[PDB]
Amino acid sequence: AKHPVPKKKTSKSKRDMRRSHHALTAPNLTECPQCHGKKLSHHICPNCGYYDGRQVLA
Amino acid sequence: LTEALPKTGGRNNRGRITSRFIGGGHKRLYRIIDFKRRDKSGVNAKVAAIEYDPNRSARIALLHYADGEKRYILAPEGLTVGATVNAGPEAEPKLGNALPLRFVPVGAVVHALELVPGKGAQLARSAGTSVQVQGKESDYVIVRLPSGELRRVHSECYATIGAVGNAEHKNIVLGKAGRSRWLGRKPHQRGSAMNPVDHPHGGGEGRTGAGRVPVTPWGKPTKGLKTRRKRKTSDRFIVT
RNA sequence: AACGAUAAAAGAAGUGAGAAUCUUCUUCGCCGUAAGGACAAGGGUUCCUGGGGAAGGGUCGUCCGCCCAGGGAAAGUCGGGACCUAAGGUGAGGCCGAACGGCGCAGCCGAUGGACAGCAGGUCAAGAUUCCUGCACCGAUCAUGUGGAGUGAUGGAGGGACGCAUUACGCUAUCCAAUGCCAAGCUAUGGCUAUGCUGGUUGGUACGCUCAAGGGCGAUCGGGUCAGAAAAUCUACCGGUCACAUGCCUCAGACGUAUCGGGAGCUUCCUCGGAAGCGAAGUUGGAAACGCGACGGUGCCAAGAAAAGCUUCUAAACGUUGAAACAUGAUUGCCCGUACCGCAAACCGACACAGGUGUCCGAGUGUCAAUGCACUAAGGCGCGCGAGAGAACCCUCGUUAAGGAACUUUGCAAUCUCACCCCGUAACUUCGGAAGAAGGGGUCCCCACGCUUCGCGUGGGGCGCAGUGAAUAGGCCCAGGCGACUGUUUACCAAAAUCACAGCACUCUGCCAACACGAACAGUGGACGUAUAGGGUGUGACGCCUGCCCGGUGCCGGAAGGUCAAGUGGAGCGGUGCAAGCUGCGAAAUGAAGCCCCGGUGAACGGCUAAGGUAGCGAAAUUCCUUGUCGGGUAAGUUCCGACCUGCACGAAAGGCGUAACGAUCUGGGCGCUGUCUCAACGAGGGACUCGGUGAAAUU
RNA sequence: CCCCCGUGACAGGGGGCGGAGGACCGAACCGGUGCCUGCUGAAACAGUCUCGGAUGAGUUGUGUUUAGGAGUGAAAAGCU
RNA sequence: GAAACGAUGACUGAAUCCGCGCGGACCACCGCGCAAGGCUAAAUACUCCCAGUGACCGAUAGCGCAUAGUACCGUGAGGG
RNA sequence: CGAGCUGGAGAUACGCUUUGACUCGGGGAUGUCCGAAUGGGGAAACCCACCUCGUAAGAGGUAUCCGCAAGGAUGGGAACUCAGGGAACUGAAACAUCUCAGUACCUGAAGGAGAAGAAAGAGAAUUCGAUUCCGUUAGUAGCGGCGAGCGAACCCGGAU
Ligand SMILES: [Mg+2]
Ligand SMILES: [Mg+2]
Ligand SMILES: [Mg+2]
Ligand SMILES: [Mg+2]
Ligand SMILES: [Mg+2]
Ligand SMILES: [Mg+2]
Ligand SMILES: [Mg+2]
Ligand SMILES: [Mg+2]
Ligand SMILES: [Mg+2]
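Regarding how it was determined, this PDB entry cites X-ray crystallography in its header, along with a resolution of 2.91 Å.

Within the PDB entry, the label attached to chain B reads 50S ribosomal protein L2, and the organism entered is Deinococcus radiodurans. This entry carries the title "Refined native structure of the large ribosomal subunit (50S) from Deinococcus radiodurans".

In the annotation of the PDB entry, chain A is listed under the name 50S ribosomal protein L32 and assigned to Deinococcus radiodurans. Reading the Sequence similarities entry of the UniProt record for chain A gives the comment "Belongs to the bacterial ribosomal protein bL32 family."

Novice: With reference to specific residues and values, describe the UniProt feature "zinc finger region: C4-type" in chain A.
Specialist: The positions that UniProt labels "zinc finger region: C4-type" are, in the present scheme, residues 32–48 of chain A. Secondary structure across residues 32–48 of chain A comprises 0% helix and 12% strand; the distance between its end C-alpha atoms is 9 Å.

Novice: How would you explain the sheet that holds strand β3 (residues 70–74) of chain B if you had to name every residue and give the values?
Specialist: Residue and element names in this part refer to chain B. In space, the four strands of this open sheet follow the order β3-β2-β1-β4, with antiparallel pairing throughout. Two strands close off the open sheet at either side, each with one partner strand: β3 and β4 (84–86). Averaged over all pairs of adjacent strands, the angle between their axes in this sheet comes to 40°, without regard to strand direction. Bridge count between strand β1 (residues 44–51) and strand β2 (residues 60–65): five bridges; the pairing is antiparallel. Looking at the pairing, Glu51 lines up with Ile60 of β2.

Novice: An account of the UniProt feature "binding site: Zn(2+)" in chain A is needed here, citing residue identities and associated values.
Specialist: Residues and elements named next belong to chain A. As recorded in UniProt, the sites labelled "binding site: Zn(2+)" are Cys32, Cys35, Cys45 and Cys48. These annotated residues cover 17 residues of sequence, and their C-alpha atoms lie no more than 8.7 Å from one another, placing them together at a single site. Looking at the secondary structure, you find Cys32 in the loop between β1 (30–31) and β2 (38–39). Exposure remark for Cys32: the relative accessible area of 2% places this residue in the buried category. Excluding residues within four positions of it along the chain, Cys32 makes contact with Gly37, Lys38, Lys39, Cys45 and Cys48. Looking at the secondary structure, you find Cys48 in the segment after β2.

Novice: An account of the pairing of strand β7 (residues 140–145) of chain B is needed here, citing residue identities and associated values.
Specialist: Residue and element names in this part refer to chain B. Covered by surrounding structure in β7 are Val141, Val143 and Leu145 only, the residues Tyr140, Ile142 and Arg144 on the alternate face being uncovered. Relative to β7, strand β6 (residues 131–133) is paired through two bridges, and the arrangement is antiparallel. In the sheet register, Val133 faces β7, and the bridge partner there is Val143. Counting the residues in the hairpin turn of β6 and β7 gives six residues, including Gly135, whose phi is positive at 155°. As paired elements, β7 and strand β8 (residues 149–154) share six bridges and run antiparallel to each other. In the sheet register, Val141 faces β8, and the bridge partner there is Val153. What sits between β7 and β8 in their antiparallel hairpin is a turn of three residues, with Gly148 showing a positive phi close to 65°.

What counts and what doesn't
- Residues numbered from 1 in each chain as written, not as in the entry; some residues may be left out.
- Chains lettered and ligands numbered in written order.
- Part of a larger assembly, values for the part shown.
- Heavy atoms only, no water.
- UniProt positions renumbered as here; feature names shortened; annotations may be inferred.
- Helix = DSSP H or I, 4+ residues; strand = E, 2+ residues; numbered from the N terminus.
- Pairing = 2+ DSSP bridges.
- Axes fitted to C-alpha atoms, helices over the stretch in contact; angles between N-to-C directions.
- Buried < 20%, exposed > 50% of the residue type's maximum accessible area, 1.4 Å probe, protein only.
- Contact = heavy atoms within 4.5 Å.

Set out below in structure tokens:
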């Protein structure tokens, strides 16, 4: 059959003691030196395309 | 190969199977073969050829009557090709001649014999067979059938001088299996190798051998089967 | 956890509210007897165009086989029908039946078979032997001419009419080669400079004292009554006449000429990529069908549909002035199917499922050959989650020191072997075989030389570790059990010593046969057979064989007597009435089969009191005690082989003993090889882990 | 079938040539033997490797016939 | 069953007025009726359809259906 | 019948309605193909013929069974009626009788109803007096492995 299988429904509680670890970490946004929109450290600013000069197209 | 009706396999009637086994084949055809041979009495003919045909184990003579029509007729042991056949009470009792018993010399070995005027031959026709005459009585003749029997027959019935032959199913050893398949389906199925359900000699843990009966409940060794009827009076010495 | 085969994917560019996931380009990789192409069946619109963007699509989706709308399918000749018949179905009138209904000749329905008039191209977004273009053929109806006369059936005959294997010759489709021909250009990395490179290198029709293998063939006169129900100027039979050779008749196909099409590409515009117009050459050599010539040749036995069309022939018949037939014109041409999927996300499998599906086509190179194997054309496709990581463990692989079955129930598994030449090859044997036995050698490249050519042999030379150098690709042997053999079987745990079998035996069965299906003195199967046949039962090649016991049961035969049914036969007993009469009961003897009784029969049940095991085999797949005892092989053997015999409970057709050959059979031994094992290691890939998307289950 | 050799009852042996076979190896095709895998499967019985058959008692398409105590069955109480 | 009568498949087979059947074997006596030809309203049954009513339901109830024998499942009968 | 109508459909357009639409009653006329189906074939709704009337289009007939002939029959009906054929589970704590039953089912015929019916009757009074239905008699008489269990009729009342 489906060999191992659980012995009892798990508490709404237990089921939550579990998930006490699935909370996303929000990105740590930086503010782009030029167009000042927020960016991702070490990546290119999706709004101006800069990374000191303008790398990506507008 | 010429002028024959087509034959069709079939080993059972309306509903289901009747005569067990028999199913293989080859497609063989039917050749209408003159047995009664009377409407043609009074006309000579010659052995145009002897063709070998199935459904018989008996050579076949392709005779030709002055009339112009041909008619296949069993071939007795002896006729070469080109000899002469003649029907009608007016016929030299020789090989291939058909002349009723009244006109047939005692001790004469003939085949193709009837049992009733017309409706064709009936006794002695399968590969090599010999029914000799015993000695006329009143209207019926005493003859010896290939089963070693004695039956009165009103001499009114024609017969063919001689005995069929077509060689002999003696050395014909059908080689290994499958030859039987060139003809009829896998032979007999040992009912002793079946089930209590399927047949009397069924089940039994291991290997049996009790009661001895047919697929149904009768008996096969030494149990009479013929019944009480007319021919019965017209017969002499069944046993052996 | 999974996202459905480990045939990979990359970049660029485009579209878009949003794209790993759509479109375009350029590469990569996978299939290529297919994962290409054409049908069938089955499904229906799934096809094409434009839109769409809920849900379906195991993830995205701007996309789709999904949703919406519109469009698409075209046939005198292709299939089918208005033609044919097989099994089978049905069936007036017939035979049977409690009903319903069951059978059944002719006839009819009924393909999967028979018969039958077209090809080559073009081309809508989407159809094409259907539309167009060119040229053709068939039937029908009319007119014209020719003709100059019969025409000739629901009837006869001829014919259509038919297997398996193998095989000669010619040919084509199709494929290959070339310093052949035509066309386009360029070539550079080092060289070539074109005797290089790429690509194309004919299909239909019409004529031609052209070439051409192969293939087909009696006509005629007469005779006979008895043959074709009849008739016959037909067919069959008989005989005469010439049918050596030959000869004709026919030409698969090729060649030449013509003509129609196609033809690599070229050119032009361009709304972005199509559209339009034009066009070259077509050689020599080689291979070659499962097709064509043909219903070819030889051989073989298990001995290989019917019916119509068709050809001739009369009956009847209207007509012998205006016939049938040909030709040249014209008019004519019906119904149904024809889109798309179609070995598959479009059919059967609940799912766009690793399965199942009939037929046809199926290129090249290399390799004895091939529809094998490797690579690859055409063409089709990368399989509708993706990215990282590089742990345990799991799956699928590569290599492995020393050893080599020590593993273990068992060398289970996995190695070794592995193709084609040559040499060589045991016991035993039904002389076939055992054999691919076993064992050994070769195998690539260059050159000369000779050979029957692709190819090959001889000699010399050369290179590597190695040359069927990569893929396909037997491990071998000794001995024993069982079964003779090929074969067959428990769809979804048994393939086997099971079943079947050729061979043998007993017995039944006289032919409306025994026997069997059936409501049935119907019908039917046995058998359109007939005892060297058919049914039943058992045994199971071949070989030497196969004993003793018929008390019991059965089967056959005998059969005095005993017993035994209905019925025949009427006395004896009783009833009611006054009576005649009417009414209850009931023998003797007689009366069928069968049962008792007499004998017989074992390849009948069966036994070894009716007898007691002849041969042969024997602790055997049948032996309990038991790993019996001795011998064999092993260092060591409860297994195995050989003997013995005390055969708990072998044994002669529920067959006894043996037996070459065969087995995905079962058992024991050996040689070789090996990761089975001492011990495991390293490596690879696919999961497992991690992130983004979708997101179950049993259980509780 | 055609050639050469042989003889005491013994045969036959040889060479050509022919093309036989429930013959051999083997792919389609039919099957399913052994192991692993897979068993909340890709799959209500499969895949890979391996193996059996491979002109025969062979494999298969279409149409058609037989069924419930009935059919069919190279026979497992199998299949329907 | 002492078991009459009715009925009929099979064999048989009568009378007719000082005639025939029966009245539960059988007889006499007593008694009721006339068989072997026929047609016949009406009260009786059911309920597809219609109207009225309901100490009936009112949407897991009520019919299966507030409508669908549809979707869906099955080769099919069939289920739904 | 009198303002509306133009079906459910919830929409637009076109329109139709006192020389009274529409709607409701009640008769006609049309009524393709299949279906007993019946021109012949047929795997339903398709495919093929023929004769006659004829402008061709188009019309009509073309089945079997009874009868001169008209004219009648084949098919279909939820349940009810009669008839031909007729289970088993189950009970009897098993089971063969018997029970369940002549029920269930199959089939034939028929109608709105059928069936039955005008006495060779039932009954014990020298009574009643076609048939059928309700009440009762009575669970009495009786049947019964006299077990399980099955179960009348007359009289009398009433429908008619
Ligand atoms: Mg991954
Ligand atoms: Mg042994
Ligand atoms: Mg075997
Ligand atoms: Mg085998
Ligand atoms: Mg995730
Ligand atoms: Mg193999
Ligand atoms: Mg093998
Ligand atoms: Mg509510
Ligand atoms: Mg409703």
